[PDB]
$ cat input_34.cif   # mmCIF, C-alpha atoms
data_input
#
loop_
_atom_site.group_PDB
_atom_site.id
_atom_site.type_symbol
_atom_site.label_atom_id
_atom_site.label_comp_id
_atom_site.auth_asym_id
_atom_site.auth_seq_id
_atom_site.Cartn_x
_atom_site.Cartn_y
_atom_site.Cartn_z
ATOM 1 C CA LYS S 10 37.108 -36.927 -39.265
ATOM 2 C CA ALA S 11 34.607 -36.845 -42.168
ATOM 3 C CA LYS S 12 31.514 -36.909 -39.939
ATOM 4 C CA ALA S 13 32.944 -34.279 -37.590
ATOM 5 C CA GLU S 14 33.766 -31.644 -40.210
ATOM 6 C CA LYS S 15 30.445 -32.244 -41.968
ATOM 7 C CA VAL S 16 28.648 -31.394 -38.733
ATOM 8 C CA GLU S 17 30.957 -28.408 -38.301
ATOM 9 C CA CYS S 18 30.152 -27.110 -41.785
ATOM 10 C CA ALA S 19 26.380 -27.482 -41.405
ATOM 11 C CA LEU S 20 26.215 -25.724 -38.040
ATOM 12 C CA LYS S 21 28.492 -22.688 -38.079
ATOM 13 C CA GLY S 22 26.687 -19.476 -38.974
ATOM 14 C CA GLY S 23 23.400 -21.277 -38.396
ATOM 15 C CA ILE S 24 20.627 -20.509 -35.921
ATOM 16 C CA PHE S 25 18.304 -23.289 -34.788
ATOM 17 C CA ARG S 26 14.886 -22.839 -33.207
ATOM 18 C CA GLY S 27 12.287 -25.108 -31.642
ATOM 19 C CA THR S 28 9.999 -25.457 -28.639
ATOM 20 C CA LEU S 29 11.393 -28.076 -26.265
ATOM 21 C CA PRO S 30 9.364 -29.845 -23.536
ATOM 22 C CA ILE S 37 9.929 -23.325 -23.929
ATOM 23 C CA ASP S 38 10.676 -21.517 -27.189
ATOM 24 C CA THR S 39 14.419 -22.064 -27.573
ATOM 25 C CA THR S 40 17.125 -20.692 -29.865
ATOM 26 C CA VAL S 41 20.627 -22.093 -30.343
ATOM 27 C CA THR S 42 23.122 -20.165 -32.454
ATOM 28 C CA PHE S 43 26.405 -21.799 -33.452
ATOM 29 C CA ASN S 44 28.622 -18.870 -34.437
ATOM 30 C CA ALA S 45 31.365 -19.611 -36.953
ATOM 31 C CA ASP S 46 34.007 -18.233 -34.583
ATOM 32 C CA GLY S 47 33.361 -21.239 -32.340
ATOM 33 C CA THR S 48 31.184 -19.349 -29.868
ATOM 34 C CA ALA S 49 27.522 -20.071 -29.166
ATOM 35 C CA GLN S 50 24.391 -18.388 -27.841
ATOM 36 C CA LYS S 51 21.223 -19.917 -26.403
ATOM 37 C CA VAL S 52 17.999 -18.001 -25.806
ATOM 38 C CA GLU S 53 14.917 -19.185 -23.897
ATOM 39 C CA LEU S 54 11.455 -17.738 -23.243
ATOM 40 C CA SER S 63 11.471 -13.044 -20.026
ATOM 41 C CA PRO S 64 14.378 -13.853 -22.377
ATOM 42 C CA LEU S 65 17.029 -15.940 -20.630
ATOM 43 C CA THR S 66 20.398 -15.835 -22.388
ATOM 44 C CA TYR S 67 23.337 -18.243 -22.298
ATOM 45 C CA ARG S 68 26.768 -17.685 -23.854
ATOM 46 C CA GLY S 69 29.677 -20.039 -24.451
ATOM 47 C CA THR S 70 31.461 -22.235 -26.981
ATOM 48 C CA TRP S 71 30.558 -25.357 -28.956
ATOM 49 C CA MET S 72 32.788 -28.295 -29.910
ATOM 50 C CA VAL S 73 32.388 -31.312 -32.193
ATOM 51 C CA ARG S 74 33.711 -34.793 -31.391
ATOM 52 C CA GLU S 75 34.753 -37.269 -34.085
ATOM 53 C CA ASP S 76 31.549 -39.284 -33.635
ATOM 54 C CA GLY S 77 29.628 -36.189 -34.743
ATOM 55 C CA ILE S 78 28.091 -35.103 -31.442
ATOM 56 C CA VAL S 79 28.225 -31.408 -30.559
ATOM 57 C CA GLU S 80 29.226 -30.356 -27.044
ATOM 58 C CA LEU S 81 27.848 -27.021 -25.851
ATOM 59 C CA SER S 82 29.293 -25.355 -22.751
ATOM 60 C CA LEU S 83 27.203 -22.349 -21.721
ATOM 61 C CA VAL S 84 27.268 -19.999 -18.730
ATOM 62 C CA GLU S 94 26.523 -27.871 -17.455
ATOM 63 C CA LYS S 95 27.190 -29.501 -20.832
ATOM 64 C CA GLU S 96 24.563 -29.841 -23.566
ATOM 65 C CA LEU S 97 24.901 -32.396 -26.356
ATOM 66 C CA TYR S 98 23.439 -32.019 -29.841
ATOM 67 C CA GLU S 99 23.033 -34.357 -32.815
ATOM 68 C CA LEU S 100 22.826 -33.255 -36.446
ATOM 69 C CA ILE S 101 19.783 -34.948 -37.983
ATOM 70 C CA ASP S 102 20.156 -33.359 -41.416
ATOM 71 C CA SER S 103 21.642 -30.185 -42.909
ATOM 72 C CA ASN S 104 18.843 -28.080 -41.389
ATOM 73 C CA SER S 105 17.896 -29.919 -38.180
ATOM 74 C CA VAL S 106 19.519 -30.588 -34.803
ATOM 75 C CA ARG S 107 18.341 -32.623 -31.803
ATOM 76 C CA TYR S 108 18.919 -31.647 -28.176
ATOM 77 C CA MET S 109 20.144 -34.826 -26.472
ATOM 78 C CA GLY S 110 20.486 -33.351 -22.981
ATOM 79 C CA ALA S 111 23.456 -33.578 -20.633
ATOM 80 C CA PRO S 112 26.267 -36.083 -21.258
ATOM 81 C CA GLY S 113 25.504 -39.521 -19.831
ATOM 82 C CA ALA S 114 21.777 -39.386 -20.550
ATOM 83 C CA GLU S 120 9.581 -41.974 -28.678
ATOM 84 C CA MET S 121 9.222 -38.192 -28.393
ATOM 85 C CA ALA S 122 12.508 -37.286 -30.087
ATOM 86 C CA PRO S 123 10.817 -34.965 -32.633
ATOM 87 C CA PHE S 124 9.965 -32.549 -29.796
ATOM 88 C CA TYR S 125 13.690 -32.018 -29.177
ATOM 89 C CA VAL S 126 14.407 -30.990 -32.766
ATOM 90 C CA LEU S 127 15.664 -27.523 -33.683
ATOM 91 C CA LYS S 128 15.178 -26.344 -37.264
ATOM 92 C CA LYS S 129 17.507 -23.913 -39.032
ATOM 93 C CA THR S 130 16.149 -20.371 -39.409
ATOM 94 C CA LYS G 10 39.765 -17.362 -43.770
ATOM 95 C CA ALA G 11 36.059 -17.176 -42.929
ATOM 96 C CA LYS G 12 35.307 -17.110 -46.654
ATOM 97 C CA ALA G 13 37.487 -20.072 -47.612
ATOM 98 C CA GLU G 14 35.895 -22.347 -45.019
ATOM 99 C CA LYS G 15 32.392 -21.878 -46.431
ATOM 100 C CA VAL G 16 33.783 -22.634 -49.884
ATOM 101 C CA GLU G 17 35.541 -25.716 -48.500
ATOM 102 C CA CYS G 18 32.352 -26.967 -46.850
ATOM 103 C CA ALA G 19 30.111 -26.433 -49.873
ATOM 104 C CA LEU G 20 32.544 -28.308 -52.125
ATOM 105 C CA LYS G 21 34.087 -31.342 -50.444
ATOM 106 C CA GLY G 22 32.191 -34.555 -51.108
ATOM 107 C CA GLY G 23 30.582 -32.718 -54.010
ATOM 108 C CA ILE G 24 30.489 -33.661 -57.683
ATOM 109 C CA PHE G 25 29.721 -30.833 -60.101
ATOM 110 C CA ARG G 26 28.547 -31.162 -63.704
ATOM 111 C CA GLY G 27 28.059 -28.817 -66.643
ATOM 112 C CA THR G 28 28.602 -28.458 -70.385
ATOM 113 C CA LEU G 29 31.508 -26.078 -70.940
ATOM 114 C CA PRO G 30 32.133 -24.359 -74.313
ATOM 115 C CA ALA G 31 34.220 -26.161 -76.946
ATOM 116 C CA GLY G 36 30.303 -28.214 -75.779
ATOM 117 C CA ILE G 37 32.179 -30.583 -73.479
ATOM 118 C CA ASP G 38 30.127 -32.488 -70.913
ATOM 119 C CA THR G 39 32.303 -32.206 -67.812
ATOM 120 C CA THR G 40 32.488 -33.499 -64.246
ATOM 121 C CA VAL G 41 34.564 -32.248 -61.322
ATOM 122 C CA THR G 42 34.699 -34.117 -58.023
ATOM 123 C CA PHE G 43 36.128 -32.502 -54.896
ATOM 124 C CA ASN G 44 37.076 -35.332 -52.548
ATOM 125 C CA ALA G 45 36.995 -34.375 -48.869
ATOM 126 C CA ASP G 46 40.521 -35.737 -48.399
ATOM 127 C CA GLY G 47 41.751 -32.817 -50.514
ATOM 128 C CA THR G 48 42.071 -34.807 -53.735
ATOM 129 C CA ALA G 49 39.966 -34.385 -56.873
ATOM 130 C CA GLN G 50 39.196 -35.772 -60.327
ATOM 131 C CA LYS G 51 37.799 -34.436 -63.591
ATOM 132 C CA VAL G 52 35.900 -36.391 -66.242
ATOM 133 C CA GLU G 53 35.339 -35.038 -69.763
ATOM 134 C CA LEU G 54 33.563 -36.328 -72.873
ATOM 135 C CA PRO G 64 35.974 -40.355 -71.251
ATOM 136 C CA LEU G 65 39.068 -38.276 -70.458
ATOM 137 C CA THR G 66 39.849 -38.674 -66.756
ATOM 138 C CA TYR G 67 42.093 -36.334 -64.754
ATOM 139 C CA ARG G 68 43.468 -36.570 -61.218
ATOM 140 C CA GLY G 69 44.865 -34.163 -58.625
ATOM 141 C CA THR G 70 44.298 -31.952 -55.584
ATOM 142 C CA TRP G 71 42.397 -28.800 -54.641
ATOM 143 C CA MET G 72 42.355 -26.063 -52.014
ATOM 144 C CA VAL G 73 40.758 -22.675 -51.331
ATOM 145 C CA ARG G 74 42.642 -19.379 -51.025
ATOM 146 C CA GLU G 75 41.745 -16.543 -48.660
ATOM 147 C CA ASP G 76 39.866 -14.901 -51.547
ATOM 148 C CA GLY G 77 37.544 -17.908 -51.771
ATOM 149 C CA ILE G 78 38.735 -19.151 -55.157
ATOM 150 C CA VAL G 79 39.411 -22.848 -55.690
ATOM 151 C CA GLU G 80 42.705 -23.875 -57.280
ATOM 152 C CA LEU G 81 42.634 -27.203 -59.101
ATOM 153 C CA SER G 82 45.809 -28.951 -60.256
ATOM 154 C CA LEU G 83 45.186 -31.483 -63.037
ATOM 155 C CA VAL G 84 47.731 -33.970 -64.395
ATOM 156 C CA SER G 85 46.493 -36.419 -67.036
ATOM 157 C CA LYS G 95 45.865 -25.102 -62.956
ATOM 158 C CA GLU G 96 42.123 -24.365 -63.027
ATOM 159 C CA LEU G 97 40.351 -21.676 -61.002
ATOM 160 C CA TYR G 98 36.756 -21.974 -59.792
ATOM 161 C CA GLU G 99 34.344 -19.588 -58.059
ATOM 162 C CA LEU G 100 31.513 -20.708 -55.794
ATOM 163 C CA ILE G 101 28.334 -19.020 -57.027
ATOM 164 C CA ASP G 102 25.975 -20.648 -54.538
ATOM 165 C CA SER G 103 26.030 -23.716 -52.279
ATOM 166 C CA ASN G 104 25.429 -25.987 -55.292
ATOM 167 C CA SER G 105 27.106 -24.166 -58.195
ATOM 168 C CA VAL G 106 30.667 -23.411 -59.251
ATOM 169 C CA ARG G 107 31.975 -21.447 -62.235
ATOM 170 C CA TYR G 108 35.100 -22.185 -64.247
ATOM 171 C CA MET G 109 37.041 -18.907 -64.282
ATOM 172 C CA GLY G 110 40.078 -20.079 -66.235
ATOM 173 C CA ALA G 111 43.749 -20.290 -65.294
ATOM 174 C CA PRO G 112 45.912 -18.080 -63.054
ATOM 175 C CA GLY G 113 46.390 -14.750 -64.831
ATOM 176 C CA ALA G 114 43.914 -15.883 -67.486
ATOM 177 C CA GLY G 115 40.493 -15.227 -65.980
ATOM 178 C CA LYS G 116 37.239 -14.981 -67.944
ATOM 179 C CA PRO G 117 35.246 -11.969 -66.674
ATOM 180 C CA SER G 118 32.765 -12.032 -69.583
ATOM 181 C CA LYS G 119 29.372 -11.691 -67.899
ATOM 182 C CA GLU G 120 27.215 -12.812 -70.829
ATOM 183 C CA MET G 121 29.518 -15.828 -71.199
ATOM 184 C CA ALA G 122 29.644 -16.703 -67.490
ATOM 185 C CA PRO G 123 26.541 -18.949 -67.246
ATOM 186 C CA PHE G 124 28.006 -21.413 -69.758
ATOM 187 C CA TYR G 125 30.950 -22.139 -67.430
ATOM 188 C CA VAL G 126 28.779 -23.148 -64.471
ATOM 189 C CA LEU G 127 28.851 -26.637 -62.937
ATOM 190 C CA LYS G 128 25.901 -27.776 -60.811
ATOM 191 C CA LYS G 129 26.200 -30.105 -57.825
ATOM 192 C CA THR G 130 24.115 -33.287 -57.593
#

$ encode --input "input_34.cif" --output "structure tokens"
Amino acid sequence: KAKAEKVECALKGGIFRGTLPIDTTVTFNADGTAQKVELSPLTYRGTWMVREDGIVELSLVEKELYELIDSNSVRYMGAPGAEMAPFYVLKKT
Amino acid sequence: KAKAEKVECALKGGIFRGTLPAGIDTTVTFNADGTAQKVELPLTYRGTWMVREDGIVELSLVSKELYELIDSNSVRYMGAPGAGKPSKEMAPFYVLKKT
């Protein structure tokens, strides 16, 4: 439970930006909802959930996983069931 | 609700230190399981903590104490219930920094 609620605390209210292999934004609202923006701004809305292993499930509108590197960074891991990791990082803004 | 959660997050797993007026070198640890301890100069205390809807932290020691979260790394000893310390010029001396 410790890991999960630590990830929860670090993310909610936070907006994370980075250019993935497309300038991308991911906002984890504290109400449990989420927003993703891509650049011709494409927009995706939905909710985010945290497992007990720490991973963050994002269901927009099929699932996007996210890992919390540190308090201010998050890595896009791709869909569930999936040395250039730094290019998938999203820094808090 | 939204306020208390931020206060919860910023605190749990955190150990805060400061020299409160007498000055007493003091430690307060907010364990993430809801428990807590205080160390003074070594007088050790033990108990629990929680956050109200106003954002204030109640601390029940054994061997009540109110705390305000200034920033993500600082808390201020306010006093006891019904016995707050609103003195501005005196406020900085009641602060406890995280580490």

$ residues_around --input "input_34.cif" --residues "residue 109 in chain G" --least-positions-apart "4" --cutoff "7 Å" --atoms "only C-alpha atoms" --output "PyMOL selection string"
chain G and resi 97-99+115-116

$ write_last_selection --input "input_34.cif" --atoms "C-alpha atoms" --output "compact mmCIF listing (two decimals), keeping the file's coordinate frame"
# COMPACT_ATOMS: atom_id res chain seq x y z
CA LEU G 97 40.35 -21.68 -61.00
CA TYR G 98 36.76 -21.97 -59.79
CA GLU G 99 34.34 -19.59 -58.06
CA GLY G 115 40.49 -15.23 -65.98
CA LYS G 116 37.24 -14.98 -67.94

$ resolve_selection --input "input_34.cif" --expression "the PyMOL selection byres ((chain S and resi 103-125) around 9)" --output "PyMOL selection string"
chain S and resi 16+19-20+23+25+27-30+80+94-102+126-130

$ residues_around --input "input_34.cif" --residues "residue 49 in chain S" --least-positions-apart "3" --cutoff "9 Å" --atoms "all atoms listed in the file" --output "JSON, numbers by chain"
{"S": [41, 42, 43, 44, 45, 46, 67, 68, 69, 70, 71, 81, 82, 83]}

$ resolve_selection --input "input_34.cif" --expression "the PyMOL selection byres ((chain G) within 10 of (chain S))" --output "number ranges by chain"
G: 11, 14-19, 21-22, 45-46

$ atom_distance --input "input_34.cif" --atom1 "CA of residue 53 in chain G" --atom2 "CA of residue 31 in chain G"
11.5 Å

$ atom_distance --input "input_34.cif" --atom1 "CA of residue 117 in chain G" --atom2 "CA of residue 83 in chain G"
22.2 Å

$ resolve_selection --input "input_34.cif" --expression "the PyMOL selection byres ((chain G and resi 39) around 7)" --output "MDAnalysis selection string"
chainID G and resid 26:29 37:38 40:41 52:54
